[PDB]
Amino acid sequence: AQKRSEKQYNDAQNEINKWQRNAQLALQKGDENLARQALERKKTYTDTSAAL
Amino acid sequence: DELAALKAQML
Numbered sequence: 053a054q055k056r057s058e059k060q061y062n063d064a065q066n067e068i069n070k071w072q073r074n075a076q077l078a079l080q081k082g083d084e085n086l087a088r089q090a091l092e093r094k095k096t097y098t099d100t101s102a103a104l
Numbered sequence: 208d209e210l211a212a213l214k215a216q217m218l
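Encoded structure:
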């Protein structure tokens, strides 16, 4: 169970990294919505990670 | 968040 929990936590971290790259892309593309979505996703994931 | 985005927008 601990290993499974760790894997889930690891997956969340990986997702956050992908989101960060997307946020950088949004700045280059000048799209407000893409940047906003990534930030929101990072926050919920962080909360989820803390719970985990 | 919007305020933070504005700073990001310049870049």
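These protein sequences, in sequence, are chains X and E.
The opening residue of the first sequence carries number 53 in full-length UniProt numbering; numbering runs sequentially from there.
The opening residue of the second sequence carries number 208 in full-length UniProt numbering; numbering runs sequentially from there.
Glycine included, C-beta positions come from ideal geometry on N, C-alpha and C.
9 Å Cβ cutoff, residue i in contact with chain X
i	result
E/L218	yes
Straight-line gap, residue i to residue j (C-alpha atoms, nearest Å)
i	j	result
E/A211	X/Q54	37 Å
X/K81	X/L91	16 Å
X/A75	X/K94	10 Å
Within-9 Å CB hit, residue i to chain E
i	result
X/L79	yes
X/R88	yes
X/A64	no
X/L91	yes
residue 155 of chain X	In this structure chain X extends from 53 to 104, so residue 155 of chain X is not present and cannot be described.
Local Cβ density within 10 Å of residue i, reported as buried at 16 or more and exposed below that
i	result
X/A103	exposed
Stretch pair the region 55-65 of chain X + the region 76-94 of chain X: three plus CB contacts closer than 8 Å | no
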